[PDB]
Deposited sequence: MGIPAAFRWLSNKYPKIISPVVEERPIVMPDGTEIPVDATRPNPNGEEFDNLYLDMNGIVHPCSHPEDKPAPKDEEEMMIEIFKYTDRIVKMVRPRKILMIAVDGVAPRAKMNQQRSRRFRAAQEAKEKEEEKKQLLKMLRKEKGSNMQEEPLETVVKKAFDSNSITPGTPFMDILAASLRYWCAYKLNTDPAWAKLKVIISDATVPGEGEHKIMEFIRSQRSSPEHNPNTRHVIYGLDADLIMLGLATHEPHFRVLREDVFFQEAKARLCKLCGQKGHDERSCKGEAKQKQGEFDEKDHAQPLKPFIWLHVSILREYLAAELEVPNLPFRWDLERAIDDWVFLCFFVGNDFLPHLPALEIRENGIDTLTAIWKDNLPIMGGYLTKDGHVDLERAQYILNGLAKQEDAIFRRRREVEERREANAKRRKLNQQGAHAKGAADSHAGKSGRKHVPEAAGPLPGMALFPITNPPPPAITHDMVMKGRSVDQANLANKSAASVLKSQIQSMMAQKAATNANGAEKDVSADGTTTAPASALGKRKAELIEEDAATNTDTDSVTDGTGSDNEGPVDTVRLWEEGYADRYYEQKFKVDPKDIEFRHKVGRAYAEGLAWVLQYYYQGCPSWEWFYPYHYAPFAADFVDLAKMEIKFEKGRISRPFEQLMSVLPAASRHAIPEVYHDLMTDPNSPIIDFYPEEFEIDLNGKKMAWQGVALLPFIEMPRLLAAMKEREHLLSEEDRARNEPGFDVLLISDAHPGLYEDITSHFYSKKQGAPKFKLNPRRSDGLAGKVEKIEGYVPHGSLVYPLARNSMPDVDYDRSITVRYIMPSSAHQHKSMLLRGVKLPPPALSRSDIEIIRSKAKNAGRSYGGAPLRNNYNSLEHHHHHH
């Protein structure tokens, strides 16, 4: 999540946005809506092969809508989720692949972010009920909760149902990675794209679409280096219910003109430049690192960085980034160049705030702000300078972590930046002497992840055997679950902005307390605490791939219960599939919810198998694959010269 990053990019680079042409259903005089024929050519001018759904962006608006009355129970929420997701698929009309990615158990660095936004939701709910002196807890949208089990069963039904009914899903391969499969929803998509890209049969001109509002999807869309890539998102700025595209192909054109440097001692490569730009944007903040005090998106902090990056690029000897790895020796140039401007940036910020008028105790525009900053925000010794360097090394370690996470997959499931504030650029010293080594670490179980991201007010979603650890004042880990906590606005104006001063979980303590109680879990709960897997769903009308899996798995002359996919028989899908035990195909598709508001299908035309992404030793390369054909340029010489003339300022 990068707040204000979208409002910034769309203002600076306007041509990356275009409206989504959505065909609407015809409504009968009797009221019956006639569904949209999604087999007809896509009215957006192009045909999209793959559509990836960051699914939690659909679950949140349909469960706690801010604009309409909230649904009456979970079943009506699933119905809205069906209607919303169907509307999206009727818009994109994917022709080959459709991935449903629900947030699974995430790395420790993301869990601390999830812990923050979930602790705040509990306090907002308490403060909005004390002002009124059981609703749906938004924190149920968390991996491993009872709510996610309802959602998993509902998406399995709805996909099989659409494979049966909608004639535009015949050749469509549906991949469902539910909340029992570890991995952040954005990065389960990102890892699937990397796996297909490394396939020898892969189409270099695949048209990708990813859905979600998380600004991380823009960065990841750039990190794939698949040119034919769009981001589908709701027109959040609709004040004066539609959707908009964000053309990563066009954003690449804007970054081409924004970053091009004449006369370099080394070869200029737009692909390697985009990587450095993505790396540079980590400094303005995201889910894993705080923004540096000098860098704010609303202050053109990205422009400050790209300026310093262009000034140092000839003398660096090369780029900052190569395929997800950082040359910290070169990154030293960037931070040295920002430290020289920190003093002046804070002053320019105060001069703006003084003209906006015509309490702050740090006073970044006054001499000695660094001693006040660590004294009041980090709440440490201002005289301890080595501590400041440590925070710098911690932040630099985090930059290397996020870059590998985005480009090659999570390098450490246990690492996390252990401070609530960022250091100054002046505090990054001797970065060339760092030797960063990441251990993959231990992935959390669903219940452990729950205890790591939920507050005590949401313990309903947690097995009762653990509740005493969150509420008993004599609990050995009660210091992890405060009922009240301070939120530092840090100069910002709104309450959703700012830092939540929550203690960081010492994970060995939490795991030790949960192990002492695990033998009391029910047999159904022990099974819920185990990792699931991805599944592929196709219809019996999918050419080749359906005939293949019925032969290997469900014929009379069955062979191995797992075989690799040939991308010529499947519609370009690479990887292995495994037979699901206890599953007989073509039975009766039964609607899982109680009120039977969706039909049972007596003969299920769909078939479900376990899907296994390909895993190659060849890393994800930041390059244009052989055989790619770039889209015709969207920017004009007028466009380019405007971006260049402004970039010189």
- Missing residue ranges, deposited sequence indexing starting at 1: 1, 135-158, 266-304, 423-568, 860-883
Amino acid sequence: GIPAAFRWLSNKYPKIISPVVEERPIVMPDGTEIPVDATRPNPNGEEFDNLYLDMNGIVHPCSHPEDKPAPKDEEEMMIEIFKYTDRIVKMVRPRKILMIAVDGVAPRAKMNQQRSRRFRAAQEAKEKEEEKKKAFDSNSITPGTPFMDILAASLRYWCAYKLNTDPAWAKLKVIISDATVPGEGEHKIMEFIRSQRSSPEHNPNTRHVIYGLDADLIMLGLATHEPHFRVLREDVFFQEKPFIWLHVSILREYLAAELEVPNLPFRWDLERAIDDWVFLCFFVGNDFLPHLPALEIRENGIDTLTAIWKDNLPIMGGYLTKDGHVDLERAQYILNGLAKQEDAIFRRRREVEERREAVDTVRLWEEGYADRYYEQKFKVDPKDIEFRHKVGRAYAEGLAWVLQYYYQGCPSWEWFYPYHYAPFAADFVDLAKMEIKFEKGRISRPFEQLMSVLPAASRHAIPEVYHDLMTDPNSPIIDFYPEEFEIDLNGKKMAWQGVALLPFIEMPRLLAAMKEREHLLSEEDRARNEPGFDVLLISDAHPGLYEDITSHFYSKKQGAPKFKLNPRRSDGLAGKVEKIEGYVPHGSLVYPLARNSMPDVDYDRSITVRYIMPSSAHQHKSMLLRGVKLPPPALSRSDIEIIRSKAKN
From here on, numbers count along this sequence of modelled residues.
- Message: Mean Cα B factor from the PDB record: higher for 145-153, or higher for 344-352?
- Response: 344-352
- Item | Stretch with the greater mean C-alpha B-factor as recorded in the entry, comparing 459-467 against 534-542 | 534-542
- Task: Specify which of 291, 564, 517, 377 carries the largest Cα B factor in the deposited PDB entry.
- Result: 564
- Sorting the chain's CA B-factors, does residue 368 end up in the lowest, middle or highest third? middle
- Message: Quick check for you: using the entry's CA B-factors within this chain, is residue 66 in the lowest, middle or highest third?
- Response: highest
- Ranked against its chain, the third holding the CA B-factor of residue 399: lowest
- Message: Which third, lowest, middle or highest, does the C-alpha temperature factor of residue 59 belong to within its own chain?
- Response: middle
- Note on the structure: So, residue 137's CA B-factor, relative to its chain, sits in which third? The middle
